[PDB]
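Peer 1: Following this message is one structure expressed as structure tokens.
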Amino acid sequence: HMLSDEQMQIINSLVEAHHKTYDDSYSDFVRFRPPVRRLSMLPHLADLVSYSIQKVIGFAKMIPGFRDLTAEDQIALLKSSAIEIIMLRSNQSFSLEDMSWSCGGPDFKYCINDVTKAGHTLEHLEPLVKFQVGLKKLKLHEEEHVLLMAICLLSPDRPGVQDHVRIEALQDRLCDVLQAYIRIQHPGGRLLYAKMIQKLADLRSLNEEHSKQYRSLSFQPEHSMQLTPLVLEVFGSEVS
Amino acid sequence: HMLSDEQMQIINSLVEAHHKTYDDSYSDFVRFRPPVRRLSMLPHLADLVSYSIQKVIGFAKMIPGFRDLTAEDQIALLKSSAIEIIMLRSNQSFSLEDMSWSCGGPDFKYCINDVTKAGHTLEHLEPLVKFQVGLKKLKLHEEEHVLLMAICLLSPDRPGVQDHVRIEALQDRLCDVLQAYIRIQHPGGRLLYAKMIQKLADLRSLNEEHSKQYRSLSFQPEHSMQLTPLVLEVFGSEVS
Amino acid sequence: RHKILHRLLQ
Amino acid sequence: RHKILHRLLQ
Ligand SMILES: C=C1/C(=C\C=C2/CCC[C@]3(C)[C@@H]([C@H](C)CCCC(C)(C)O)CC[C@@H]23)C[C@@H](O)C[C@@H]1O
Ligand SMILES: C=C1/C(=C\C=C2/CCC[C@]3(C)[C@@H]([C@H](C)CCCC(C)(C)O)CC[C@@H]23)C[C@@H](O)C[C@@H]1O
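Residue numbers (PDB author numbering), protein chains in the order written: chain A, 154 to 190, 251 to 453; chain A', 154 to 190, 251 to 453; chain B, 686 to 695; chain B', 686 to 695. A prime marks a further copy of an entry chain.
Structure representation (structure tokens):
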């Protein structure tokens, strides 16, 4: 009926890690190649995603137990979940009023259409928006949102993972924290945890669908040239 | 005492090719990652150079005889001279009054200092400025400036070149055009041609010095990540 | 392999 | 070889 001293320490860390790596002002967006509204949004969005990947890496490094993993496993986990963590973290900018990520003014307000001018069809963009709406409607506590990102990241079932025993242990340790936080600190959340886990399944599907659209982009040199080195490397299929 | 019908056709082509690939308004610069004034200028300058490389490729393709070369040779020539063509073409924005490339306002006015915030020392930047001043002082006709770029590009002595017989022929054909244009159309230019050839030698030295500073950048992943795919590929040492 | 260069060279 | 990733992972 009460969160342990160890469970609250890992929460403090995760919540701080997210504050260190997520800017609510989105002031760094001016440093990206400007948005343009064929495939005009690709450069801006490629920079946005590249920037976010660096942020996700910074966050990951502060996840309790992550640094204790092999460089290989760390990479296998980041490469496989990077896009999912990005999709999760963006919910914080997503707005239900307009069904779009609002990062400031007309420039950094991203609607579903903008992403279609970056090489993605509604065949994939539909589920993503639906996902954001369902995720926003959950009205997650910051503690839960953050815990969800870290649990996503430490998923055992990822291509390339070697020590899927330690990873699952770290993830289980995290799930316990989450299930306990909700039970204790979040009224009416008796059903919440289960809904959050279902969202992880959704992310797998969104991930699969993104990697397919991205594969076409990465295979067209005229488009791939618009990406960044980090994006190409992280979303690339090179094997370590 | 008069330029031939064939010599003037290749001039028309080269001068048009340059007009198609060089914007005096520099209006595309707003689409690059903004300039910042460690290594803050690297992103803007990397985008500038990447953009310029695409332009140089477009120009090259229109050089009489270039398209008739092997894809390999075309690549060997572009990879080896890209930086030299960029250094040549930038003279058109360089200004003696302020000793800097002036592409519009404080933002796109590049001084020697700006480039030092992009990974280059004055140990290399000095000769480059001196080169620009000497080049500007030559007050080249557009026909000569353009001819010089095309002769630089079609230089036989480049690493990777295979058919150095046809290349030299194309270059000789070009040098003749230049020596004849100056003799006929450019008063007091009896010494000009020779001075232009010496500039090509200068470019080799500038090229050598750039590739050394660039090698350090490309070897530091935190810096290399700020480059573009095109830059990395064109200035990279992969062998075809 | 110069994928971008080949491409840009039509 | 993931040169950038290794790097960013301190
Ligand atoms: C990222 C963040 C943000 C938005 C994420 C978005 C909105 C635009 C469209 C995006 C970027 C989706 C695109 C389908 C991703 C495109 C990938 C690519 C074009 C490279 O193949 C995924 C996440 C979406 C803004 C802010 O919340 C920070 C967060 O960090
Ligand atoms: C290019 C063009 C222009 C300027 C070129 C410059 C000015 C800034 C500093 C530059 C870019 C030099 C840098 C040493 C190159 C840096 C290379 C890198 C940082 C990637 O290792 C070479 C040419 C110089 C502007 C315009 O004339 C178009 C032209 O096309």
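Yeah, the Cβ is synthetic: ideal placement off N, Cα and C, and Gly gets one too.
By DSSP, does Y179(A') sit in helix, in strand, or in coil?
Peer 2: coil
Peer 1: Using the DSSP secondary-structure output, state which residues sit across from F307(A') in a beta bridge.
Peer 2: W314(A')
Peer 1: Can you tell me which of the three DSSP states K330(A') falls into?
Peer 2: It is coil, neither helix nor strand.
Peer 1: Leaving out five residues before and five after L301(A') in sequence, what residues of the same chain have Cβ atoms less than 8 Å from its Cβ?
Peer 2: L348, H358, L361, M362, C365 and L416
Peer 1: Would a C-beta distance cut-off of 8 Å place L690(B') and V447(A) closer than the cut-off?
Peer 2: yes
Peer 1: Kindly provide the ranges of any alpha helix (DSSP H) runs that are 4 or more residues long and lie completely inside the stretch 420-452 of chain A, ordered along the chain.
Peer 2: 434-437 and 442-447
Peer 1: Would the beta-carbon of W314(A') be found less than 7 Å away from any heavy atom of ligand 1?
Peer 2: no
Peer 1: Is the closest heavy atom of ligand 3 to the C-beta of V262(A) under 7 Å?
Peer 2: As for ligand 3, it is missing from this structure, which binds only ligand 1 and ligand 2.
Peer 1: Using a C-beta to C-beta distance shorter than 7 Å, which residues of chain B count as neighbours of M438(A)?
Peer 2: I689
Peer 1: Output yes if chain B places a C-beta closer than 8 Å to the C-beta of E381(A'); else output no.
Peer 2: no
Peer 1: Against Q287(A'), what residues of chain B qualify as contacts under a CB-to-CB distance less than 9 Å, listed in chain order?
Peer 2: Neighbours of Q287(A') on chain B, chain order: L690 and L694.
Peer 1: Let me make sure I understand the geometry here. Which of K412(A'), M155(A') and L440(A') has the alpha-carbon closest to that of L341(A')?
Peer 2: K412(A')
Peer 1: Say the cut is 7 Å; is the CB of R302(A') nearer than that to a heavy atom of ligand 2?
Peer 2: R302(A') has its Cβ nearer than 7 Å to a heavy atom of ligand 2.
Peer 1: Determine, using beta carbons only, whether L258(A') comes closer than 8 Å to chain A.
Peer 2: no
Peer 1: Run through the DSSP bridge pairs and tell me what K322(A) is partnered with.
Peer 2: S315(A)
Peer 1: What is the DSSP secondary structure of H399(A), reduced to helix, strand or coil?
Peer 2: coil
Peer 1: Can you round the beta-carbon distance between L290(A) and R371(A) to whole angstroms, since I take them to be within the 8 Å contact cut?
Peer 2: 6 Å
Peer 1: Expressed to the nearest angstrom, what Euclidean distance is found between the alpha-carbon atoms of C324(A) and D260(A)?
Peer 2: In a straight line, the C-alpha of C324(A) is about 17 Å away from that of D260(A).
Peer 1: Is the beta carbon of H171(A') within less than 7 Å of some heavy atom of ligand 2?
Peer 2: no
Peer 1: Given a cut-off of 8 Å on the beta-carbon distance, is the pair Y394(A') and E421(A') in contact?
Peer 2: no
Peer 1: Roughly how many angstroms lie between the CA atoms of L282(A) and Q305(A), to the nearest whole one?
Peer 2: Approximately 28 Å, taken between the alpha carbons.
Peer 1: Cα-Cα, which of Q398(A'), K350(A'), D389(A') and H333(A') is closest to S431(A')?
Peer 2: Checked all of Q398(A'), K350(A'), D389(A') and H333(A'); the closest Cα to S431(A') is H333(A').
Peer 1: Just mark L404(A') as buried or exposed, buried being the case when its beta carbon has 16 or more other beta carbons within 10 Å.
Peer 2: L404(A') counts as exposed, since fewer than 16 other beta carbons sit within 10 angstroms of its beta carbon.
Peer 1: Is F272(A') helix, strand or coil by DSSP?
Peer 2: The three-state reading of DSSP puts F272(A') in helix, counting H, G and I together.
Peer 1: Would you mind telling me which residues of chain A' sit closer than 9 Å to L167(A), beta carbon to beta carbon, in chain order?
Peer 2: Chain A' residues near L167(A): none, gap ~26 Å exceeds 9 Å.
Peer 1: Excluding the 5 residues preceding and the 5 following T174(A') in the sequence, name in chain order all residues of the same chain whose CB lies nearer than 6 Å to its CB.
Peer 2: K268, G271 and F272
Peer 1: Using a beta-carbon distance below 8 Å, is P372(A') in contact with chain B'?
Peer 2: no
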